[PDB]
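Note that the numbering runs from 1 along the sequence shown for the chain. All heavy atoms count here, side chains included; hydrogens, waters and symmetry mates do not.
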Amino acid sequence: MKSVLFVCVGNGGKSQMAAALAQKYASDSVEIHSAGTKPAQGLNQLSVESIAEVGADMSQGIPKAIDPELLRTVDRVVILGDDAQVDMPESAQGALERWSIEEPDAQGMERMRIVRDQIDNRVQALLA
């Protein structure tokens, strides 16, 4: 697992968080990307703050569309949550994953930290 594209719908929240957490743990030998099937107008600032709280940074992140050459060539395409849909091309050299996110009975920052911590667990597992 030497390259990963994290994907969700807007590329403002979970996928940026996953990308920020992965960078925080990964060696330089791992290329880390994030993208959205429908890129948002900007970042989820709650996501931004949740990431800042654990000493990572996604504040420089930019919501962006899925690059077909990245999609085709990364080792892992990881969809966060239930909504985003990605159909791996036949030529794809990598494999598709989907991580479910258990919605907490909370809102705002309390909720976002719970989301972050779930993503954290998975990203550490992914890089292991």
Side-chain angles (χ1 to χ4, degrees):
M1 220 290 299
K2 299 296 183 181
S3 53
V4 54
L5 173 59
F6 295 104
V7 178
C8 70
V9 174
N11 192 213
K14 299 184 295 306
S15 60
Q16 295 278 347
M17 295 167 64
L21 292 171
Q23 195 59 84
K24 178 189 178 188
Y25 302 121
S27 61
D28 292 22
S29 62
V30 177
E31 281 294 276
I32 300 158
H33 301 287
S34 73
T37 55
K38 279 225 308 174
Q41 314 175 0
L43 299 179
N44 184 316
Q45 290 303 323
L46 294 173
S47 296
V48 172
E49 178 67 10
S50 80
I51 283 303
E53 289 178 339
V54 301
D57 198 354
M58 58 170 264
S59 72
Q60 71 281 14
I62 291 166
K64 72 196 84 50
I66 294 168
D67 181 282
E69 289 304 89
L70 287 182
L71 187 71
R72 184 178 67 81
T73 62
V74 294
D75 291 343
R76 291 289 187 76
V77 174
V78 178
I79 300 172
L80 288 308
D82 224 30
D83 296 340
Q85 301 296 332
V86 178
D87 283 333
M88 295 303 280
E90 273 305 318
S91 61
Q93 306 175 10
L96 183 65
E97 288 225 338
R98 179 184 301 266
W99 295 348
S100 66
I101 298 302
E102 178 73 6
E103 288 291 335
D105 83 311
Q107 302 183 32
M109 288 301 306
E110 182 176 20
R111 169 182 174 280
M112 192 62 73
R113 296 165 180 137
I114 287 163
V115 174
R116 173 198 70 210
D117 287 355
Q118 286 178 64
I119 297 175
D120 190 62
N121 289 335
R122 302 305 286 273
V123 170
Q124 293 189 47
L126 169 72
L127 293 169

CD1-SG distance between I101 and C8, expressed to the nearest 0.5 angstrom: 10.0 Å

Find out whether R116 and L21 are in side-chain contact, i.e. whether some heavy atom of one side chain is under 4.5 Å from a heavy atom of the other. yes

Transitively linked via ILVMFWY side-chain contacts under 4.5 Å: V7 with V115? no

Count the heavy atoms belonging to other residues, nucleotides or ligands that lie under 6.0 Å from CD1 of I62, then report whether that count exceeds 12. no

To the nearest 0.5 Å, what is the distance between CE on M17 and OG on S15? 9.5 Å

For residues 120-128, run the donor-acceptor check on the side chains, cut-off 3.5 Å, and write out each pair with its distance to 0.1 Å, sequence neighbours left out.
residue : atom : partner : partner atom : Å
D120    : OD1  : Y25     : OH           : 2.4
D120    : OD2  : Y25     : OH           : 3.4
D120    : OD2  : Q124    : NE2          : 2.8
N121    : ND2  : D117    : O            : 3.4

Pairs of donor and acceptor atoms involving the side chains of residues 75-95, under 3.5 Å and at least two apart or interchain, shall be tabulated with distances.
residue : atom : partner : partner atom : Å
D75     : OD2  : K2      : N            : 2.9
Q85     : OE1  : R98     : NH2          : 3.3
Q85     : NE2  : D83     : O            : 3.4

For the residue pair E31 and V74, establish whether any side-chain heavy-atom pair is separated by less than 4.5 Å. no

Over all heavy atoms of both residues, which pair between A106 and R111 is shortest? Give the atoms and the distance, please. O-CB, 3.5 Å

Roughly how far apart are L96 CG and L5 CG, rounded to 0.5 Å? 10.0 Å

From CE (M112) to CD1 (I51), nearest 0.5 Å: 9.5 Å

Interatomic distance, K24 atom NZ to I32 atom CD1 [nearest 0.5 angstrom]: 12.5 Å

Other residues, nucleotides and ligands only: do more than 12 of their heavy atoms fall within 6.0 Å of CD on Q60? yes

For residues 34-46, which side-chain N or O atoms pair as donor and acceptor with protein atoms under 3.5 Å away, sequence neighbours left out?
residue : atom : partner : partner atom : Å
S34     : OG   : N11     : ND2          : 3.0
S34     : OG   : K64     : NZ           : 3.3
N44     : OD1  : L46     : N            : 2.8
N44     : OD1  : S47     : N            : 3.0

